[PDB]
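*Asks:* See work.json below, with JSON, C-alpha atoms and all ligand atoms.
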```json
[["chain", "number", "residue", "atom", "x", "y", "z"],
["S", 1, "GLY", "CA", 136.41, 86.89, 82.88],
["S", 2, "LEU", "CA", 135.19, 87.14, 79.29],
["S", 3, "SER", "CA", 137.38, 87.62, 76.23],
["S", 4, "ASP", "CA", 136.78, 90.59, 73.94],
["S", 5, "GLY", "CA", 135.23, 88.21, 71.42],
["S", 6, "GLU", "CA", 132.86, 86.83, 74.03],
["S", 7, "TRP", "CA", 131.78, 90.32, 75.11],
["S", 8, "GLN", "CA", 131.06, 91.18, 71.48],
["S", 9, "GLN", "CA", 128.84, 88.10, 71.33],
["S", 10, "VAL", "CA", 127.06, 89.08, 74.55],
["S", 11, "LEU", "CA", 126.31, 92.58, 73.28],
["S", 12, "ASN", "CA", 125.22, 91.26, 69.88],
["S", 13, "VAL", "CA", 122.73, 88.94, 71.58],
["S", 14, "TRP", "CA", 121.62, 91.86, 73.75],
["S", 15, "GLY", "CA", 120.63, 93.73, 70.59],
["S", 16, "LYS", "CA", 117.80, 91.22, 70.28],
["S", 17, "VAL", "CA", 116.55, 92.10, 73.75],
["S", 18, "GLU", "CA", 116.72, 95.85, 73.09],
["S", 19, "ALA", "CA", 114.42, 95.51, 70.07],
["S", 20, "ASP", "CA", 111.63, 94.57, 72.50],
["S", 21, "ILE", "CA", 112.78, 95.17, 76.07],
["S", 22, "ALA", "CA", 109.28, 95.06, 77.59],
["S", 23, "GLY", "CA", 108.40, 91.84, 75.80],
["S", 24, "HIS", "CA", 111.60, 90.10, 76.82],
["S", 25, "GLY", "CA", 111.32, 91.50, 80.34],
["S", 26, "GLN", "CA", 107.75, 90.26, 80.75],
["S", 27, "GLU", "CA", 108.61, 86.77, 79.49],
["S", 28, "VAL", "CA", 111.65, 86.50, 81.74],
["S", 29, "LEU", "CA", 109.63, 87.38, 84.84],
["S", 30, "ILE", "CA", 106.75, 85.10, 83.85],
["S", 31, "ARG", "CA", 109.19, 82.23, 83.26],
["S", 32, "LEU", "CA", 110.65, 82.94, 86.70],
["S", 33, "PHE", "CA", 107.30, 83.15, 88.51],
["S", 34, "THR", "CA", 105.69, 80.13, 86.87],
["S", 35, "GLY", "CA", 108.72, 77.89, 87.24],
["S", 36, "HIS", "CA", 109.49, 79.03, 90.79],
["S", 37, "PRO", "CA", 106.29, 80.25, 92.55],
["S", 38, "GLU", "CA", 108.24, 81.12, 95.70],
["S", 39, "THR", "CA", 109.84, 84.01, 93.81],
["S", 40, "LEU", "CA", 106.47, 85.69, 93.27],
["S", 41, "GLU", "CA", 106.08, 85.93, 97.04],
["S", 42, "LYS", "CA", 109.06, 88.29, 97.15],
["S", 43, "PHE", "CA", 107.03, 90.87, 95.19],
["S", 44, "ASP", "CA", 104.23, 92.35, 97.27],
["S", 45, "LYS", "CA", 103.03, 94.02, 94.07],
["S", 46, "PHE", "CA", 102.78, 90.80, 92.04],
["S", 47, "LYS", "CA", 101.57, 88.28, 94.59],
["S", 48, "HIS", "CA", 98.00, 89.09, 93.55],
["S", 49, "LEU", "CA", 98.71, 87.43, 90.20],
["S", 50, "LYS", "CA", 97.19, 83.97, 90.58],
["S", 51, "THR", "CA", 97.41, 82.85, 86.94],
["S", 52, "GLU", "CA", 99.77, 83.23, 83.99],
["S", 53, "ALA", "CA", 96.93, 84.94, 82.14],
["S", 54, "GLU", "CA", 96.83, 87.60, 84.86],
["S", 55, "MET", "CA", 100.62, 87.84, 84.64],
["S", 56, "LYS", "CA", 100.48, 88.26, 80.86],
["S", 57, "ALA", "CA", 97.81, 90.96, 81.17],
["S", 58, "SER", "CA", 99.66, 92.88, 83.89],
["S", 59, "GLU", "CA", 101.04, 96.13, 82.51],
["S", 60, "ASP", "CA", 102.90, 96.73, 85.76],
["S", 61, "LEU", "CA", 104.70, 93.40, 85.41],
["S", 62, "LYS", "CA", 105.82, 94.47, 81.93],
["S", 63, "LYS", "CA", 106.92, 97.79, 83.40],
["S", 64, "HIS", "CA", 109.06, 96.03, 86.00],
["S", 65, "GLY", "CA", 110.43, 93.76, 83.28],
["S", 66, "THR", "CA", 111.66, 96.86, 81.48],
["S", 67, "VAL", "CA", 113.26, 98.18, 84.68],
["S", 68, "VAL", "CA", 115.01, 94.85, 85.28],
["S", 69, "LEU", "CA", 116.40, 94.36, 81.78],
["S", 70, "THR", "CA", 117.40, 98.01, 81.45],
["S", 71, "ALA", "CA", 119.48, 97.65, 84.62],
["S", 72, "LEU", "CA", 121.03, 94.36, 83.47],
["S", 73, "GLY", "CA", 121.76, 95.85, 80.06],
["S", 74, "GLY", "CA", 123.60, 98.78, 81.57],
["S", 75, "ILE", "CA", 125.69, 96.35, 83.57],
["S", 76, "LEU", "CA", 126.46, 94.14, 80.57],
["S", 77, "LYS", "CA", 127.64, 97.09, 78.49],
["S", 78, "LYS", "CA", 130.29, 97.76, 81.16],
["S", 79, "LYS", "CA", 131.86, 94.45, 80.13],
["S", 80, "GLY", "CA", 132.82, 93.47, 83.67],
["S", 81, "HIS", "CA", 133.78, 96.94, 84.93],
["S", 82, "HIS", "CA", 130.45, 97.18, 86.73],
["S", 83, "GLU", "CA", 131.32, 97.72, 90.41],
["S", 84, "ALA", "CA", 129.46, 101.03, 90.71],
["S", 85, "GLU", "CA", 126.39, 99.65, 88.94],
["S", 86, "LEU", "CA", 126.35, 96.23, 90.58],
["S", 87, "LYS", "CA", 127.11, 97.03, 94.23],
["S", 88, "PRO", "CA", 123.88, 99.02, 94.88],
["S", 89, "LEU", "CA", 121.81, 96.37, 93.11],
["S", 90, "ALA", "CA", 123.38, 93.61, 95.20],
["S", 91, "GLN", "CA", 122.80, 95.57, 98.42],
["S", 92, "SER", "CA", 119.18, 96.40, 97.67],
["S", 93, "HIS", "CA", 118.34, 92.83, 96.76],
["S", 94, "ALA", "CA", 120.02, 91.41, 99.85],
["S", 95, "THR", "CA", 119.06, 93.92, 102.55],
["S", 96, "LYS", "CA", 115.78, 95.26, 101.23],
["S", 97, "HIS", "CA", 114.22, 92.64, 98.96],
["S", 98, "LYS", "CA", 115.78, 89.60, 100.67],
["S", 99, "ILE", "CA", 116.50, 87.75, 97.43],
["S", 100, "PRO", "CA", 118.51, 84.53, 97.93],
["S", 101, "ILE", "CA", 121.28, 84.11, 95.34],
["S", 102, "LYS", "CA", 119.41, 80.97, 94.22],
["S", 103, "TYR", "CA", 116.70, 83.21, 92.74],
["S", 104, "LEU", "CA", 119.36, 85.04, 90.74],
["S", 105, "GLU", "CA", 120.38, 81.64, 89.39],
["S", 106, "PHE", "CA", 116.73, 81.04, 88.48],
["S", 107, "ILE", "CA", 116.37, 84.33, 86.61],
["S", 108, "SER", "CA", 119.70, 83.78, 84.82],
["S", 109, "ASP", "CA", 118.39, 80.44, 83.52],
["S", 110, "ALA", "CA", 115.10, 82.14, 82.60],
["S", 111, "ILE", "CA", 116.95, 84.65, 80.41],
["S", 112, "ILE", "CA", 118.68, 81.85, 78.50],
["S", 113, "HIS", "CA", 115.35, 80.05, 78.06],
["S", 114, "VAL", "CA", 113.54, 83.16, 76.82],
["S", 115, "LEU", "CA", 116.27, 83.95, 74.30],
["S", 116, "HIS", "CA", 115.86, 80.50, 72.76],
["S", 117, "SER", "CA", 112.06, 80.71, 72.92],
["S", 118, "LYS", "CA", 111.85, 84.07, 71.17],
["S", 119, "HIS", "CA", 114.76, 83.45, 68.79],
["S", 120, "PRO", "CA", 114.75, 79.71, 67.97],
["S", 121, "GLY", "CA", 117.67, 78.77, 65.76],
["S", 122, "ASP", "CA", 119.07, 82.29, 66.11],
["S", 123, "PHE", "CA", 120.84, 81.92, 69.47],
["S", 124, "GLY", "CA", 123.90, 79.86, 68.57],
["S", 125, "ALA", "CA", 126.12, 77.67, 70.71],
["S", 126, "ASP", "CA", 128.83, 80.33, 70.88],
["S", 127, "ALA", "CA", 126.23, 82.99, 71.73],
["S", 128, "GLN", "CA", 124.76, 80.89, 74.53],
["S", 129, "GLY", "CA", 128.24, 80.23, 75.89],
["S", 130, "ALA", "CA", 129.09, 83.94, 75.99],
["S", 131, "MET", "CA", 125.78, 85.06, 77.50],
["S", 132, "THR", "CA", 126.04, 82.30, 80.10],
["S", 133, "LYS", "CA", 129.52, 83.51, 81.13],
["S", 134, "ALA", "CA", 128.25, 87.09, 81.40],
["S", 135, "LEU", "CA", 125.31, 86.05, 83.56],
["S", 136, "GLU", "CA", 127.59, 83.94, 85.77],
["S", 137, "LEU", "CA", 130.00, 86.87, 86.24],
["S", 138, "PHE", "CA", 127.02, 89.05, 87.15],
["S", 139, "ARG", "CA", 125.73, 86.45, 89.63],
["S", 140, "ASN", "CA", 129.16, 85.74, 91.09],
["S", 141, "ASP", "CA", 129.94, 89.40, 91.72],
["S", 142, "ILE", "CA", 126.57, 89.79, 93.45],
["S", 143, "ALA", "CA", 127.41, 86.68, 95.48],
["S", 144, "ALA", "CA", 130.61, 88.34, 96.71],
["S", 145, "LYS", "CA", 128.57, 91.33, 97.95],
["S", 146, "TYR", "CA", 126.11, 88.93, 99.60],
["S", 147, "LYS", "CA", 128.95, 87.24, 101.50],
["S", 148, "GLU", "CA", 130.22, 90.64, 102.63],
["S", 149, "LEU", "CA", 126.78, 91.26, 104.15],
["S", 150, "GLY", "CA", 126.49, 87.74, 105.52],
["S", 151, "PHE", "CA", 123.28, 87.41, 103.56],
["S", 152, "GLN", "CA", 121.81, 83.99, 102.81],
["S", 201, "LIG", "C1", 118.60, 90.14, 86.21],
["S", 201, "LIG", "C2", 118.66, 90.19, 87.79],
["S", 201, "LIG", "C3", 117.91, 91.39, 88.43],
["S", 201, "LIG", "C4", 118.03, 92.70, 88.18],
["S", 201, "LIG", "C5", 118.93, 93.42, 87.17],
["S", 201, "LIG", "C6", 117.12, 93.38, 89.03],
["S", 201, "LIG", "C7", 116.94, 94.72, 89.07],
["S", 201, "LIG", "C8", 116.06, 95.42, 89.89],
["S", 201, "LIG", "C9", 115.88, 96.88, 89.91],
["S", 201, "LIG", "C10", 116.66, 97.84, 89.01],
["S", 201, "LIG", "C11", 114.94, 97.14, 90.84],
["S", 201, "LIG", "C12", 114.41, 98.54, 91.24],
["S", 201, "LIG", "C13", 115.48, 99.22, 92.13],
["S", 201, "LIG", "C14", 115.87, 98.52, 93.42],
["S", 201, "LIG", "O1", 115.01, 98.26, 94.29],
["S", 201, "LIG", "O2", 117.10, 98.21, 93.54],
["S", 201, "LIG", "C15", 114.53, 95.89, 91.39],
["S", 201, "LIG", "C16", 113.54, 95.76, 92.38],
["S", 201, "LIG", "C17", 113.13, 94.56, 92.91],
["S", 201, "LIG", "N1", 113.61, 93.33, 92.59],
["S", 201, "LIG", "FE1", 115.03, 92.89, 91.24],
["S", 201, "LIG", "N2", 116.42, 92.47, 89.85],
["S", 201, "LIG", "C18", 116.89, 91.23, 89.49],
["S", 201, "LIG", "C19", 116.47, 90.02, 90.03],
["S", 201, "LIG", "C20", 115.50, 89.88, 91.02],
["S", 201, "LIG", "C21", 115.07, 88.61, 91.53],
["S", 201, "LIG", "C22", 115.62, 87.27, 91.07],
["S", 201, "LIG", "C23", 114.11, 88.89, 92.47],
["S", 201, "LIG", "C24", 113.25, 87.98, 93.37],
["S", 201, "LIG", "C25", 112.76, 86.66, 92.75],
["S", 201, "LIG", "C26", 113.97, 90.33, 92.50],
["S", 201, "LIG", "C27", 113.09, 91.04, 93.32],
["S", 201, "LIG", "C28", 112.92, 92.39, 93.36],
["S", 201, "LIG", "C29", 111.96, 93.15, 94.20],
["S", 201, "LIG", "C30", 111.00, 92.41, 95.20],
["S", 201, "LIG", "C31", 112.07, 94.46, 93.94],
["S", 201, "LIG", "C32", 111.27, 95.55, 94.55],
["S", 201, "LIG", "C33", 110.00, 95.70, 93.65],
["S", 201, "LIG", "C34", 109.03, 96.82, 93.92],
["S", 201, "LIG", "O3", 109.16, 97.96, 93.41],
["S", 201, "LIG", "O4", 108.09, 96.51, 94.69],
["S", 201, "LIG", "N3", 114.84, 90.90, 91.60],
["S", 201, "LIG", "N4", 115.20, 94.84, 90.83]]
```
I need this file expressed as structure tokens, please.

*Replies:*
Amino acid sequence: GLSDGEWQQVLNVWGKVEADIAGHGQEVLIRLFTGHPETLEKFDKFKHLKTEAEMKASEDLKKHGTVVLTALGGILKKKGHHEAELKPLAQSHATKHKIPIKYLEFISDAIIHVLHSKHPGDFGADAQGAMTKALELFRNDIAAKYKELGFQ
């Protein structure tokens, strides 16, 4: 898992996201959708977005971005003791939304990219290392739930 120092780094970085949750959420989803078009097809409510301009102008996409990052933030603040928060998320994404773990890898990478894009020179090597470990823990624990369900 993460050391106490690493968790402190993760939550310090997260402070940046909380200053503009909607903005960060929107950019993460847009990065995901534009870099991996197949992911957009998983959202019946966003598949109508044919261009990045339409994505950028979608208030509902920003709304979902807020929902996504608020959920992730709650999980991160548990510093690994997130079973109750993570299990339901893993089950809904596997059984209901049918999200392959690969897409969770994609969105994890998108978060790292967006942090650098919005905070160039202010997302240090140590910070990236800590956030990466937190996102991997998140992804790996979801993966365990996916295996339980036999979901691919
Ligand atoms: C940072 C990782 C993610 C988090 C924290 C997250 C969180 C959430 C939350 C809180 C909801 C609403 C409640 C629910 O249905 O469980 C949701 C819905 C959904 N998520 Fe995710 N999600 C993540 C990644 C993804 C990825 C990678 C995809 C597919 C590319 C995805 C697709 C969906 C869909 C299709 C819905 C239903 C949307 C609707 O209301 O129509 N999610 N997600």

*Asks:* Identify, on the basis of all atoms listed in the file, every residue whose closest approach to region 132-134 of chain S does not exceed 9 Å; exclude the query and any residue fewer than 5 positions from it along the same chain; express the result as a list in words.

*Replies:* residues 1, 2, 6, 7, 10, 76, 79, 80, 108, 109, 112, 127 and 139 of chain S

*Asks:* With distances taken over all atoms listed in the file, which residue among S:42, S:31, S:16, S:63 lies nearest ligand LIG 201 (chain S)?

*Replies:*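 Of S:42, S:31, S:16, S:63, the one nearest ligand LIG 201 (chain S), counting all atoms listed in the file, is S:42.
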
*Asks:* Counting only C-alpha atoms and all ligand atoms, what are the residues, protein, DNA or RNA alike, that approach ligand LIG 201 (chain S) to within 6 Å? I want them as a list in words.

*Replies:*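 Listed by chain and ascending number, the contacts are residues 39, 42, 43, 45, 67, 68, 71, 72, 89, 92, 97, 99, 103, 104 and 107 of chain S.
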
*Asks:* Pick from S:28, S:143, S:22, S:11: nearest to residue 115 (chain S), with all atoms listed in the file counted?

*Replies:*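 Among the listed residues, the smallest separation from residue 115 (chain S) belongs to S:28.
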
*Asks:* Tell me, in Å to one decimal, how far CA of residue 29 (chain S) is from CA of residue 135 (chain S).

*Replies:*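 Result for CA of residue 29 (chain S) versus CA of residue 135 (chain S): 15.8 Å, one decimal.
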
*Asks:* Interatomic distance between CA of residue 105 (chain S) and CA of residue 140 (chain S)?

*Replies:* 9.8 Å

*Asks:* Can you work out which one of S:38, S:9, S:75, S:70 has the shortest atom-to-atom distance to residue 129 (chain S), counting only C-alpha atoms?

*Replies:*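 Closest candidate: S:9.
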
*Asks:* Which residue, S:113, S:123, S:84, S:147, has the smallest gap to residue 24 (chain S) when you use all atoms listed in the file?

*Replies:* S:113

*Asks:* Separation of CA of residue 46 (chain S) and CA of residue 15 (chain S), in Å?

*Replies:*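 CA of residue 15 (chain S) lies at a distance of 28.1 Å from CA of residue 46 (chain S).
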
*Asks:* Using all atoms listed in the file, which protein or nucleic acid residues come within 8 Å of residue 21 (chain S)? Drop anything in the same chain fewer than 5 positions from it, and give the result as a ChimeraX atom specification.

*Replies:* /S:65-66,69-70

*Asks:* When you look at residue 30 (chain S) with a cut-off of 8 Å (counting all atoms listed in the file), what residues show up, excluding the ones that are within fewer than 6 positions of it in the same chain? I need them as a PyMOL selection string.

*Replies:* chain S and resi 52+55-56

*Asks:* Since the input lacks some atoms of region 79-91 of chain S, please model N, CA and C atoms and print them as a short mmCIF file (atom, residue, chain, number, x, y, z; two decimals), keeping the file's coordinate frame.

*Replies:*
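Result file follows (rebuild07.cif):
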```cif
data_model
loop_
_atom_site.label_atom_id
_atom_site.label_comp_id
_atom_site.auth_asym_id
_atom_site.auth_seq_id
_atom_site.Cartn_x
_atom_site.Cartn_y
_atom_site.Cartn_z
N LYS S 79 130.95 95.56 80.39
CA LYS S 79 131.86 94.45 80.13
C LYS S 79 132.73 94.07 81.33
N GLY S 80 132.09 93.87 82.48
CA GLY S 80 132.82 93.47 83.67
C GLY S 80 133.25 94.59 84.60
N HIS S 81 133.37 95.81 84.09
CA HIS S 81 133.78 96.94 84.93
C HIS S 81 132.50 97.58 85.45
N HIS S 82 131.76 96.79 86.22
CA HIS S 82 130.45 97.18 86.73
C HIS S 82 130.30 97.36 88.24
N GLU S 83 131.39 97.56 88.96
CA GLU S 83 131.32 97.72 90.41
C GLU S 83 130.30 98.76 90.87
N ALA S 84 130.37 99.97 90.31
CA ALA S 84 129.46 101.03 90.71
C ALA S 84 128.00 100.71 90.42
N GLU S 85 127.75 100.01 89.32
CA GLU S 85 126.39 99.65 88.94
C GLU S 85 125.87 98.43 89.70
N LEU S 86 126.75 97.47 89.93
CA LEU S 86 126.35 96.23 90.58
C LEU S 86 126.23 96.29 92.10
N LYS S 87 127.16 96.96 92.77
CA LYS S 87 127.11 97.03 94.23
C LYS S 87 125.74 97.44 94.79
N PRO S 88 125.19 98.59 94.36
CA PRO S 88 123.88 99.02 94.88
C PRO S 88 122.76 98.03 94.61
N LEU S 89 122.82 97.35 93.47
CA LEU S 89 121.81 96.37 93.11
C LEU S 89 121.92 95.17 94.06
N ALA S 90 123.15 94.73 94.30
CA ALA S 90 123.38 93.61 95.20
C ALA S 90 122.90 93.96 96.61
N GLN S 91 123.20 95.17 97.07
CA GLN S 91 122.80 95.57 98.42
C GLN S 91 121.30 95.72 98.58
#
```
